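Here is the structure we will look at, set down as structure tokens.
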Amino acid sequence: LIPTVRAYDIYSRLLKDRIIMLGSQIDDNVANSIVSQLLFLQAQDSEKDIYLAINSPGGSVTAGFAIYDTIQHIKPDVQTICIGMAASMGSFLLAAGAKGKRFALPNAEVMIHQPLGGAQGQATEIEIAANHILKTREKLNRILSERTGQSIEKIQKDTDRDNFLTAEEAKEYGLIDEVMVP
Amino acid sequence: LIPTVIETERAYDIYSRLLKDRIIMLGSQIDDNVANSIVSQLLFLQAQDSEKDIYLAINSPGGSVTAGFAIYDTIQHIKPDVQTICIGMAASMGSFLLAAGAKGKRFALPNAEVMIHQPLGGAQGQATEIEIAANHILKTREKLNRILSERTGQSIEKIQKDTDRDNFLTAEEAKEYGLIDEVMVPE
Amino acid sequence: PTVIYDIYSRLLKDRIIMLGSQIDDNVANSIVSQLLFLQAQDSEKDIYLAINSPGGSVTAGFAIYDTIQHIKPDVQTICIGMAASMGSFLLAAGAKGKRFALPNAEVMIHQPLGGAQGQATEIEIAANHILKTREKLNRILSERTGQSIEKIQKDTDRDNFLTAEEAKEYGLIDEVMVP
Amino acid sequence: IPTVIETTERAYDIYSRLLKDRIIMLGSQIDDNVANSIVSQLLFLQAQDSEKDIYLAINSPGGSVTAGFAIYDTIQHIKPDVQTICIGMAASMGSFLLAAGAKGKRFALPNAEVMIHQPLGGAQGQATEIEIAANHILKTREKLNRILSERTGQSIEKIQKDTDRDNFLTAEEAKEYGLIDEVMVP
Amino acid sequence: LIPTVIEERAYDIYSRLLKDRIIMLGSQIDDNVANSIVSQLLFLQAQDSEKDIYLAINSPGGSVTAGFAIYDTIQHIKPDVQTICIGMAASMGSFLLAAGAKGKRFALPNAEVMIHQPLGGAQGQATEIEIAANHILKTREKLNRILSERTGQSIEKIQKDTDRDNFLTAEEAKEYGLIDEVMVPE
Amino acid sequence: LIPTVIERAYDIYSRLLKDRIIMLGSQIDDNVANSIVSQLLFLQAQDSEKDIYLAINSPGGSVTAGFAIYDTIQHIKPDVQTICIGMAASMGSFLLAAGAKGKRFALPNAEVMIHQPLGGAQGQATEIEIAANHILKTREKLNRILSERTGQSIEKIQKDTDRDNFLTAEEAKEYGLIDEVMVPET
Amino acid sequence: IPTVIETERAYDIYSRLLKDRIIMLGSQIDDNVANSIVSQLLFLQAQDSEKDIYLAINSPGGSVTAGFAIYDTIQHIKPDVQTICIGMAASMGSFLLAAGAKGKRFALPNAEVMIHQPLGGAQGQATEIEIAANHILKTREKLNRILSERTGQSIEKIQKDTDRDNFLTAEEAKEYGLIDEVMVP
Amino acid sequence: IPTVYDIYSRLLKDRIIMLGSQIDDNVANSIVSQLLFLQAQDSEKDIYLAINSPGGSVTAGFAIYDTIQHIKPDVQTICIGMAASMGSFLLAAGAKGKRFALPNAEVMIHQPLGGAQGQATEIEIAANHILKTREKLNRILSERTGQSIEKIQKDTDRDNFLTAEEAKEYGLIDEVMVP
Amino acid sequence: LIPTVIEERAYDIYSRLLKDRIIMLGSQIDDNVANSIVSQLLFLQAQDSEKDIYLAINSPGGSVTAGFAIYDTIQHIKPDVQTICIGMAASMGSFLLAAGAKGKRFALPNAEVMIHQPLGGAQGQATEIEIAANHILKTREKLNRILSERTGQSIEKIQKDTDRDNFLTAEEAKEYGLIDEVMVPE
Amino acid sequence: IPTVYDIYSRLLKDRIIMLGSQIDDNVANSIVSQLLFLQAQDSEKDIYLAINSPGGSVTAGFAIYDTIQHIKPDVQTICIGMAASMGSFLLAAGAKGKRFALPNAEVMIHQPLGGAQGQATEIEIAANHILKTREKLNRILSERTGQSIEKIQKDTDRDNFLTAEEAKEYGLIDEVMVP
Amino acid sequence: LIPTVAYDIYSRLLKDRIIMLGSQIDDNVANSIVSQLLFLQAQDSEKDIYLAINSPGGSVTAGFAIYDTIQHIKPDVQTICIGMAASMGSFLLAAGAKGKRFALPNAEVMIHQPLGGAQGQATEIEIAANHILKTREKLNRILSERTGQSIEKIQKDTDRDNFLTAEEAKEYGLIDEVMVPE
């Protein structure tokens, strides 16, 4: 069910007020849509804040970077608000919001972990794939270090396995700035 | 779900709204359907205004070489400059299209990934059928490499070497290679 | 893209038809309808048929071919990407002097494909039919290209890939559209 | 399927736009859904104008005999002449419908294919069930052949012979046979 | 895709026919189809309680209970419901054909009518199978009693004539009492 | 395909809803219940005094979904008439019996079936015990309400629902599941 | 399937019964089963052309042509073949039960016998369907003529009585003429 | 399955038959063959039929039942584990005074199961057949247990699980074999 | 499961019959079956080049080339091969039946013989389909020529009579020349 | 499985039975047959039942259990690897003083598992049956371990894993076989 | 195991130096035939061996295992086509001892080019194409040697499926004689 509110579906109605809902796994389709919404909102008003609500298990790293770079590229501040869960690339995007404007609701879940992938074929193909995913992890960890204030060494350790954080723990970690208390 | 934007009684999905501002989003694998749509958008934008730049945003793992060439040739055919901007990833035919943008107007965002490699395909049947298919994909690779050489300034020999296996480049490396002109740094 | 025109409908307003998929009866029905609609809108102005197709059904292709020849407007054909099999036949079917390909477009010609199962006499009927279909295709291609039927038969025995320039030399198109 | 807009903004898919001009496209296998649509279009066109011709373009491999007879009987029932035009292929029940158009107004384009053959079916179960199914399909064939005899001018005996196996006809052969009246030459 | 007709307002072709009090029953009968047909019948009665309704039938039949939802709605409403078989009316479809207003049940000349006993199934314990058997037998008795009333044939004859699939031409269906007239073309 | 009526465009069910008619024509699941509940609440908001008409052709379904509908009927101020067309089985018959007193109807050939609830349980012995106790309590709840609405004893309802029990419309009236059989005007 | 040893000769239980001229027909009849049963019948005739053979039947039936391979072999060989229905003999199984030596067709008291018309199928062109229909009807005629000969019932009665599944008790099968005696314990 | 002979063959040498699976035609054919073989070996010595079975085909079960009654040796029945449905029927069919269960063995009785699809008259035939089959089963069970047909009908309407001691009280067995 | 016979050598029943020069062809003909039958024929010739061999046939036919492996082996070896149809000999099975030694081709009285044209398939390019068609037509000519030689019927008659499935009784097969005698029981 | 006899048959010659799989009717048939065979060979000598089993059918398990109690020889039980659910029940069922586990063997006890579908009254019958089966299992386990029924009920509510030493303390075995 | 004379009809024929090649050629079949050929040579290095062929062909490398074993061993290997010898089957037919290659009168012989496949990168497809083309050259050269036909003629005659009667196969040089029945 997606209700209608001239007619607008609920999400289009929120977009009118500069709210973007990232409420699914991140793939290229989702990233296309979010990027397009960000660019549209900048064109409508280059100064007013944008609000990106996040309830996502993560997904494609490259798709996530399409969103991440668009956020950093545009002029408006993008606030991030975790509702429900932000895992993997979802937590990376949560951490990518405007400094001081990254939030989670009190019972929201944040999870961080290393990237996942695969490789099949010849030894040299497997080597190329391994080197690529390792370089991707280095890139993710370096940016997370910059955005959280944690050292790269600590991020590497803390993302070796699935690491679940409460909203308060995410604030302490530097993934968000504030827990939005009711 | 793709949201709608309304301007005053006229409803647009957001892609249609961006197209109004001469932005085309290439955000999927390249197949004939995708190429049809992108070609049609390019031709429509030229008809609307033959002088103003067009912006082609690219986040694509690549896909069909012939579908990619439909887009490539349409870019070169039309009068407006087509800027290319890599966001996320441009791999295989996607990186070829990135490199095909107007000279000086090929960009990537800082964390975007570019990957170049040789074409993929298949052949089944009689020996002579396999021969025909092999000759065809080899000729297609020669065509791709020659154009990439022209667009990057790298020699055909170097391109052949560098595309033998998957070759991942950062945005800065893609600039150094000649696949793009600038990394778009955030203000 | 879409305004509640889709972009194809917007191009059709300017007499451009996009043939961008495998040819089956559904696709042929749409293209035929578009051709008839454009003739009804204006019987004198050219129509532009852009072709990026791996081919498909011969009978569906002939629905398009015969509709092109039937209507009054010239139909220009423009190969973008690929025109293979029945797609290359339709490319070759455009108005004389108004058949084009973009420089990196691929053209492929080959004999028809089909199948037959059942009794020997059923298989015989099916074989005779596909052979007669091939003769029909080759005769028309000979007329449209200026190549002999013998040459077309030989050149289509196996998949035969041509560059845009080669397709021009062959007579399948009139010009390569250089940018 | 593209859209056409005629502004005073009213939107039509391509087929709806042709229907406005009394052209019906029969461009698929004939099943009940297709027949229901075509019958509805015919009845609608008669209600809009009971005198003006209707044009039924046919590119079809055939299909259900009963669905085909729904179309056939509707054509014969309504006041307007229904022209038939074969584009691409008219096979089996498709060729039957081609032959069913108004006398003098059955056409094929030059490279169109016409195929005629006997009805196909199946039966499973008890011997007496198989007998019932066999008698039914044989009666259906006699009905089809009798009508085709009437519409072509060929004898029933000749039609029976000529539909025993798949029989492919060129547009010119279909004219000579009496399945169409004219080949539409460009 | 069903085409659209524009008059300022857009209609799919079935909605356009409904405006003229024509209902198309063109598929297998299940609860969804019955819901739609019942709703259309009630809507047409509300629009005009006196004017005839036309129910066109091209259906292989289907659910007996869904068919009875349609049957009882026909009898309940005030307008006469004409029935017209186009293509085929089999099993519950032929039962509905026979259920039209007396004197206003029709078939086109090549339409197929088939009558046969109800079909069903039962699995489980012997007592469960017994309950299922008694139910389908009582359902058959109900169908046959109504068909006897609507056709003028005896229940004994209907029982015999529906033991196996029984295919009737339009003319035979008239002789049987399932319809009143064959609609011959002008 | 569900047709449209233009007055504003309405699908046929929306058009009936404008006249306070709700069609329950499928298996009862949460989606269906959610829709019916929403329709009942909407109709009460439009007019808290005028009757609502709930037509029922349903094989039943989810007991909890059925209770969402049942409790909404009892909660709202308007009387809800129930009318069985085709079949009301299991939770469908429960809802039929839940209509306003004196305003529960069936058409003459409609079927009503009552039986005990169905379910399942897998896992540990203590999990199976919990599931069994739950379904037994659910059956007690259903039977108690059916006793209240029919006037039959709980003992009799228990016995009569042990297996599938099919009732004619007249039998359903005699049983107290409905108030009247709607006979057609001749 | 257990083994029996006589001392060193090992037999599965069916082979051990075959040594005593008992053939088990205990499955659906298809070409494989018929080929085995036919081979057993011919082997037994070769071993002793005069001694009775015992064909125990517990079968739902199956292929008519496979059944006729068995039927014609029974009639062809010299030894009398006794038939004994244990459990069920349905369709072609009941036909084979009825085909045993006159006076030597038996059923156990609670055994089930069922008779019905042949089943089949046909797909394709109208003329192909006609050929298939004519063939199955002729096959039914053949079956009914033989059953009439073996039971003493008229062809028309057999036709009527096989129109649908017709279950018979052992006593009813005796009254019908499908067997000669119920083997009482 | 170990070798000594496989173990079942070794037990058969001592006139023990193991019925340890669902009853289908294959199982019945084997058990019937074993019974006939044992009678041929010695027409006077008892046979022992051990039963651990969820039941299965009624006609396959009756092949076994009638063979037991037909042969001269007494057939003792011994329920180990479970005898359900046709398995409990066969347990009850052993020689009078020689039907046993081990103390923790489970006996279950219930009505026959089946199915029917097709025309109303086909469904009627199938229903009449399974009802007659149930009457037959109940009549024989009544004879073998001493319970009335009415009681058997009531008691088998649903799954009815019995302990060994309850099965003895019911008349399905004669003794519980205490260790 | 195939029984064993012990004489001290153990034999499956087929091996026991083979000892008496009987070969059982009781399945569809494929390369595996043909390998086995050919091997059995060659073995029997080696054991005794003069004594007759008996080939019992109950087969729906199968691969033509596999059938020709058997056919040519029959003709190649020194012993006469008697053929006996039990049950059915269809298609390549009937061809093998007709291939037995002259005067020693039999059918049991209720055995079925069926003759028809070869079946096959072809997919791919037009020229591939042509090659496949020419091959199957050449194969049919070869089959018909041999059947003419073995039956005494003309090739023209065989062509006509095998156009569709043609079922023959044992007596009809004798009249046709496919067998020499119907083996009547004593 | 190597040959010496296959090795299981070799071990059976020395009165060792290997229960090394899930318990179903086939496995129970075999084990019961082996037990009866060993008793027939020698009614006084001990039998050794090695157990590595995740459990399985309760009725099949009771076929084995009752056969053990029925026969005259003592049956030693030895857990190697794992004895879970019905496997641990059989381990506990060995001759008093002759139940063993190897030091790293795992024992697990838990309540029986099952299912039920259909009408409320059918679900009730199935629930009552499995609850009665649990009562039966727990009563016997109480007798064989010396633990109260209340404690067994508590301790089997969820999967309860025991070391060999814990199983000895619990009374499921008598000794841990130390090397 | 088809009939016994445990000891099976094929084993009985092998006792008389007859090998039956009656299936598609794969590694399992080749391994068996090669083993049979080596066994027969060990039993008697002078007496002829008889290889009956009814085969649609199969693996080219498996076929060459058989081919090279035939040429390696000392006994002459007679080949006899019964039913069909197609593709690698016809190659093996042609490989029998000179003067001792036979077909029965209605047997079918078919020759055609090798079949295969390739997927992956352009350079991988090239390697696969070059390999199958070289394999065809090898097959054609040997067939030329064994038939007396030119390589050019073999190339042309195998471009598509080419069906030969037994008499045509003799004329072609694939066999020496058609075994006519007495």
Side-chain angles (χ1 to χ4, degrees), chain G residues 1-8 10-29 33 54 56-62 84-90 93 106-114 116 119 163-172 182-185, chain H residues 1 3-13 16-18 23-38 40-41 57-72 89 93 116 118-119 121-126 128-130 132-133 135-137 139-140:
Chain G
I1 303 318
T3 304
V4 172
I5 291 163
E6 275 129 57
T7 289
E8 282 253 329
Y11 284 104
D12 60 73
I13 195 67
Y14 300 115
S15 303
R16 182 61 188 74
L17 267 55
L18 182 63
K19 191 179 191 298
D20 297 328
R21 307 181 68 80
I22 300 161
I23 295 170
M24 169 69 62
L25 167 53
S27 66
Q28 175 159 145
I29 301 165
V33 168
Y54 302 85
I57 300 171
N58 182 20
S59 177
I84 306 93
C85 183
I86 309 166
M88 136 184 21
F106 300 95
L108 294 174
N110 296 114
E112 168 182 292
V113 178
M114 188 271 276
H116 76 186
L119 305 169
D163 184 63
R164 306 279 187 179
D165 287 3
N166 188 167
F167 294 92
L168 292 83
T169 64
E171 181 55 38
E172 287 167 344
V182 180
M183 289 196 334
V184 64
Chain H
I1 299 162
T3 64
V4 172
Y5 286 105
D6 60 72
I7 19 88
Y8 302 115
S9 303
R10 182 60 189 77
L11 267 55
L12 182 63
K13 190 178 190 298
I16 300 160
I17 296 169
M18 305 290 298
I23 301 165
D24 61 22
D25 288 342
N26 286 151
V27 169
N29 297 344
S30 177
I31 302 284
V32 166
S33 295
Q34 292 174 68
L35 289 164
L36 294 173
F37 168 73
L38 292 180
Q41 296 279 102
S57 165
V58 171
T59 60
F62 271 117
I64 299 167
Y65 175 93
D66 278 346
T67 298
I68 291 169
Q69 312 322 143
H70 183 254
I71 66 174
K72 196 177 166 176
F89 187 85
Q119 300 183 291
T121 60
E122 292 174 321
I123 292 164
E124 180 180 26
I125 287 166
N128 284 340
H129 174 57
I130 195 168
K132 188 162 199 189
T133 297
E135 284 178 352
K136 179 165 78 173
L137 288 156
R139 171 172 41 261
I140 293 165

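First the proteins, then the strands, lettered A, B, ... as listed; each starts at 1. Computed over heavy atoms, backbone and side chain alike; hydrogens, waters and symmetry mates excluded.
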What distance do [X] atom [atom1] and [Y] atom [atom2] have between them, rounded to the nearest 0.5 Å?
X: G:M114; Y: H:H129; atom1: CE; atom2: NE2; answer: 8.0 Å
X: H:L36; Y: G:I13; atom1: CG; atom2: CD1; answer: 9.0 Å
X: G:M88; Y: H:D25; atom1: CE; atom2: CG; answer: 5.5 Å
X: H:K13; Y: G:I5; atom1: NZ; atom2: CD1; answer: 9.0 Å

Which one of G:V4, G:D20, G:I22 satisfies the side-chain contact (heavy atoms from CB on, under 4.5 Å) criterion with H:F37? G:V4
Heavy-atom distance under 4.5 Å to chain G: side chain of [X], backbone, both or neither?
X: H:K72; value: neither
X: H:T67; value: both
X: H:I71; value: neither

H:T59, H:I125, H:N128, H:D66: which one forms the most heavy-atom pairs within less than 4.5 Å of chain G? H:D66
Are the side chains of [Y] and [X] in contact, using a 4.5 Å heavy-atom criterion?
X: H:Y5; Y: G:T3; answer: no
X: H:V32; Y: G:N58; answer: no
X: H:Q69; Y: G:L108; answer: no
X: H:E124; Y: G:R164; answer: no

Which pair of non-hydrogen atoms, one from [X] and one from [Y], has the smallest distance, and what is that distance?
X: H:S30; Y: G:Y14; value: N-OH, 3.2 Å
X: H:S33; Y: G:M24; value: OG-CE, 4.2 Å
X: H:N26; Y: G:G26; value: ND2-O, 4.5 Å

NZ (H:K136) with more than 12 external heavy atoms under 6.0 Å: yes
Residue G:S59 versus chain H: region with a heavy atom under 4.5 Å: neither
